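Enquirer: One structure is given below, represented as structure tokens, and several questions about it will come after.
Residue numbers (my numbering): 39 to 133.
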């Protein structure tokens, strides 16, 4: 229930977003940013966070994307992307 943020990232002409993602519909997991590489495109936006859920990219919805579908969508979204993201507050409870 964290607010959604719409975040611009501009890729290098010879490069990508400068993140890793995990997750995907095949495991009922959202697409999440698992790494932001220092000084690369997403890091230069200063607007993304480790653990942000990527909900969509340039009008392409990723809330129910498989991992491979998310990867393709982000890779093909063009040189400038508007990402809709929502931070996931992870709570770990000992039980």
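The beta carbon of each residue, even a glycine, is placed where N, CA and C say it ideally should be.
Name the two residues that bound the continuous beta strand (DSSP E) containing residue 72.
Expert: For the purposes of this step, residue 72 is taken as residue 34 along the chain shown, with counting starting at 1. Start and end: 67-74.
Enquirer: Starting from residue 42, trace the beta strand (DSSP E) in both directions and tell me its first and last residue.
Expert: As a first step, residue 42 is located in the chain shown; it is residue number 4 there, counting from the start. Looking at the DSSP string, the run of the beta strand (DSSP E) that includes residue 42 is 42-48.
Enquirer: Taking DSSP's pairing of strands, which residues face residue 120 in a bridge?
Expert: Here residue 120 refers to the residue found at position 82 when the chain shown is read from its first residue. Residue 120 is bridged to 46.
Enquirer: Can you tell me where the beta strand (DSSP E) holding residue 108 begins and where it ends?
Expert: For the purposes of this step, residue 108 is taken as residue 70 along the chain shown, with counting starting at 1. Not the beta strand (DSSP E): residue 108 falls in the alpha helix (DSSP H), residues 105-113.
Enquirer: Nearest by alpha-carbon distance to residue 97: which of 104, 121, 87, 117 is it?
Expert: Translated into the one-based positions of the chain shown, residue 97 becomes position 59. When each option's Cα is compared against that of residue 97, the closest is 121.
Enquirer: What residues in its chain sit with their C-beta under 7 Å from that of residue 80, if we drop five residues either side in the sequence?
Expert: The residue given as residue 80 occupies position 42 in the chain shown. Result list for residue 80: 47, 55, 56, 57, 74, 86, in chain order.
Enquirer: In chain order, what residues of the same chain lie with their CB nearer than 8 Å to the CB of residue 99, ignoring the 5 residues before and after it?
Expert: One-based indexing of the chain shown puts residue 99 at position 61. Once the five neighbours on either side are set aside, the close Cβ partners of residue 99 are 93.
Enquirer: Looking at the strands, I want to know which residues DSSP matches up with residue 62.
Expert: By 1-based counting over the chain shown, the position of residue 62 is 24. For residue 62, which the question treats as bridged, DSSP gives the partners 67.
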